[PDB]
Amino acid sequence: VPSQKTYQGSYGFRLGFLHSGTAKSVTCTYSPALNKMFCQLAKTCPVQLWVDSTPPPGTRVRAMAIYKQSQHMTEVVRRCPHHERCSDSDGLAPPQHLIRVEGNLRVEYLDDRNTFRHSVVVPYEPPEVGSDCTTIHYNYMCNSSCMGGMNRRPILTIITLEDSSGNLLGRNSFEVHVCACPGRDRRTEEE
């Protein structure tokens, strides 16, 4: 069972999220009170990476989903049989993988040989000129309600910073809810 313990590590690795509000039309929104991201099926979910000092070149950024409830934590999070069916829009990603990265041609996907867990990794890139953080656009490819997939079970996304050799540099996590109206879901859950 993968570790979810927060670790800023030596580079001061933290996650940030846009302050999007909860209007009805918002496509994603993060709740600080719940440390919970609310996003829509296969739509952009921006995650910011904040560091104290720049990690070495070749540093990588990995995302992995796990079930939040301890009696489900041993089950690998995957797409439901319905959505895992191949389509013409899978592109670079394995059809079973819940978490994709959008807009990064150097994305890499892993089925772990021993643990069978899915993850997606991209190169760490420093913020652009005039920016203080690096943003990754994740996509979640099932709904929280999917029968035969997550099946209403809550999940966490674990983001790890690792060096080119795979050693842990830092780790942080957040809960994710994938549904049609993130603004309403967040406003209702905070109530």
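Residues carry their position along the shown sequence, with the first being 1.
- Here 78 to 86 and 94 to 102 are compared by their mean Cα B-factor, and 78 to 86 comes out higher.
- Averaged over their C-alpha atoms, the temperature factors of 131 to 139 and 39 to 47 are higher for 131 to 139.
- Based on the entry's C-alpha B-factors, the most elevated value among 157, 145, 53, 31 belongs to 53.
- Sort the modelled residues of the chain by CA B factor and residue 173 lands in the middle third.
- When the modelled residues of the chain are ordered by their C-alpha B factor, residue 72 lands in the highest third.
- Split the chain's modelled residues into thirds by C-alpha temperature factor. Residue 113 is in the highest one.
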